[PDB]
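In: just to be clear, this is only the beginning of the complex, oriented as in the whole thing:
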Amino acid sequence: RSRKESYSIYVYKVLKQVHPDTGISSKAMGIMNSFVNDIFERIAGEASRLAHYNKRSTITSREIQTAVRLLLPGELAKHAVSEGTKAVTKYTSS
Amino acid sequence: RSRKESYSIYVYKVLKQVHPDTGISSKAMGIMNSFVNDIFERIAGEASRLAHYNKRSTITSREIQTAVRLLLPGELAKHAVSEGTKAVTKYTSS
Amino acid sequence: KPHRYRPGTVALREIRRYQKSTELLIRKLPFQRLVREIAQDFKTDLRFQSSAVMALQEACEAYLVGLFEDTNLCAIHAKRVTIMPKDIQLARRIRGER
Amino acid sequence: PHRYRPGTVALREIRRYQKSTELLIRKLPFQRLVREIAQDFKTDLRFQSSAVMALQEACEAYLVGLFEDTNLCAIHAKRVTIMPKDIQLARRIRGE
């Protein structure tokens, strides 16, 4: 009863979504949780840093938009911004 | 006419007080401003990360002192903690 | 005459077996004794988690494998297959921390 | 006439250029190059002079660091002449 608050069941849900018939070890849960945390703090630091660059006190879709164009190289950037754009479009229409 | 708000005059005053005769170019002032700013966001990012580590919502002298010990290598750490401890100690007496 | 292998094929065989094996190549007891050796000089009577010393472990074997493949590239560049300490010093120099 | 032995002249400009601090690459072809390579991202950009200064000096610093790296790489192999194997090894160790 310490409330570690990891992301193990959520990445478990997405892997059972994409690969329905494969199990996975807890070591890979540790690797993936460290990956999501490390990538998240990287891109969030870049987004806040870019918001400070433009004397802007907020982070919106435009700042994280430019920041994911920055950090993800090449075609990962364009595929990620396409899926993020359709995700925020579907959430906007609700 | 836009209040550029640099650190030139303080480097000027410290330069005069410890070197009473030496001249100085404005290009070296740009070098000094870039250096002091780069050290500022480095040590401030270290202090923010270490304060977020110990679930601390405040930055006092202890974590940023630990950031001084982390960043500056060798004799720089002990001399810097000496100057900072002397400064905050005589400031506490006011 | 007993059957003896020519040099190199045992070396290539252990290259093949150690590039697909993932277990730790350093024994845990001397490594934790060594990190305790490091540990006295900073402060006395420190305490360590097992996960912590495995973390420093796999970090330092990753660092040494990176350094050794850099040493390999340096030795192949010198028209050689033998590594000497000057290869390690050159790799440490180009990587920037000397 | 009198002709200098090879290497001595070369180390003379080694000595005068290591103490020199001015810029080495001509401004007009370099700014033409940066405009050409910036044309492909978005057409008709605009550059202030200080930006071109920053690109040029960053390029000079990166290239002189890479050249001293290739110097150590080449003199490791008991050679005084650099070949593209040396720059390939230097970029591979530096992570490019």
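Out: Nice, I can see it. Numbering: from 1, shown residues only, chains lettered A, B, ... in the order given.
In: could you report the distance from the most centrally placed residue in chain C to residue B:57?
Out: When C-alpha atoms, centre = their mean is applied to chain C, the residue found nearest the centroid is residue C:64 (3.9 Å). Applying C-beta to C-beta, to the nearest Å, the value for residue C:64 to residue B:57 is 40 Å. Where you see a C-beta, it was placed from the backbone N, CA and C, and this is true even at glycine.
In: do residue A:82 as well
Out: From residue A:82 over to residue B:57 (counting by C-beta to C-beta), the distance is 38 Å.
In: ok, the two, which is more surrounded?
Out: Counted by other C-beta atoms under 10 Å in any protein chain shown, residue A:82 and residue B:57 do not tie: residue A:82 has more neighbours, with 10 against 6.
In: quick one: contacts of the helix or strand hosting that one?
Out: Residue A:82 belongs to helix A:75-93 when assigned by DSSP states H and E. Residues outside helix A:75-93 that contact it (C-beta atoms under 8 Å, 6 or more residues apart in numbering or on different chains): A:61, A:65, A:68-69, A:72.
In: and which of those residues is nearest chain C?
Out: Closest approach to chain C among those (C-beta to the nearest C-beta): residue A:72, at 24.2 Å.
In: can you slot in chain E too:
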Amino acid sequence: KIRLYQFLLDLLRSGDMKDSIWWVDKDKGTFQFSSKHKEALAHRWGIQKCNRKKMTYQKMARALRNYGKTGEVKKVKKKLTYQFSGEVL
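Out: The block that follows adds chain E to the chains above:
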């Protein structure tokens, strides 16, 4: 600042490298300059004042005549001489 005549009196008082400039009458403050080491004095005073190009003796001759207008450090009619007053000594 006004370092010109002050340091010119200072090296005369210090007695350093007297082949260029030496004392002929310390009471009235006059002194006789050599015509050979004046280029060495030009380079030495240029590197002290931290200039941009090489100093010429014609340019120091241009600079030092401004003290005659103020009235402290003056010039008399004799080849390569220059003198102080009683106040500045």
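In: before we move on, back to that, pull out the buried residues from the helix holding residue A:82.
Out: If you call a residue buried by 16 or more other C-beta atoms under 10 Å in any protein chain shown, then helix A:75-93 has these buried ones: residue A:81.
In: in chain E, which spans are helices?
Out: E:3-14, E:38-49, E:57-64, E:66-70 (DSSP state H).
In: where does the residue nearest to the centre of chain C fall, phi/psi-wise?
Out: When read as degrees, to the nearest 10, the backbone of residue C:64 gives phi -70, psi -40.
In: just the closest residue of chain A to chain D, please.
Out: For chain A, C-beta to the nearest C-beta, closest residue to chain D: residue A:69, 11.7 Å.
In: number of nearby residues for that residue?
Out: What residue A:69 shows, counting by other C-beta under 10 Å, is a neighbour count of 12.
In: what's the answer for residue A:63, then?
Out: 19.
In: how close does it get to chain C?
Out: Distance of residue A:63 to chain C, given as C-beta to the nearest C-beta, to the nearest Å: 32 Å.
In: chain center to stretch E:55-67: distance?
Out: 9 Å (C-alpha atoms, centre = their mean, to the nearest Å).
In: over to stretch C:57-64?
Out: 7 Å.
In: to the structure above, add chain F:
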Amino acid sequence: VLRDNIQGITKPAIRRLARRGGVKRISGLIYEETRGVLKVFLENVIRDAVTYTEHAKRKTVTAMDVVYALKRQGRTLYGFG
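Out: To build on what is shown above, here is chain F added in:
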């Protein structure tokens, strides 16, 4: 529109950048490969810089954003802001 300015950096220019680094003798195959690595350095650096300038709705690229891009890349530069 501009073309083939990669050859604008002349042969003694790569020679002089070698001379700053202490290089004694240079083979003939060095020059084109140094042009290539110089080009890849420009393409990544200018890509970061143009992304920063498109974020701010500026079609004029500042030196300050160049310091930003080099500092994120790991080659922080001083004196330009």
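In: take the neighbour count of residue A:63 again, chain F included.
Out: That count, for residue A:63 with other C-beta under 10 Å as the rule, works out to 20.
In: so is the stretch of helix or strand it belongs to next to chain F?
Out: Following DSSP H and E, one finds residue A:63 within helix A:61-71. Yes: on the criterion C-beta under 8 Å from any C-beta of the partner chain, helix A:61-71 is in touch with chain F at A:62-63, A:66, A:69-70.
In: what lies in contact with that helix?
Out: A:42-43, A:46-47, A:50-51, A:56, A:77, A:80-81, A:84, A:88, F:48, F:51-52, F:54-55, F:72.
In: switch to 10 Å and redo it
Out: Contact with helix A:61-71 is made by A:39, A:42-51, A:53-54, A:56, A:59, A:76-78, A:80-81, A:84-85, A:88, A:92, F:47-48, F:51-52, F:54-56, F:69, F:72, as judged by C-beta atoms under 10 Å, 6 or more residues apart in numbering or on different chains.
In: hang on, the earlier thing: looking at the residues of helix A:61-71 next to chain F, which is nearest residue E:83?
Out: Checking the residues of helix A:61-71 next to chain F against residue E:83 by C-beta to C-beta gives residue A:70 as the nearest, at 72.7 Å.
In: count of neighbours near the closest one?
Out: Neighbours of residue A:70 (other C-beta under 10 Å): 20.
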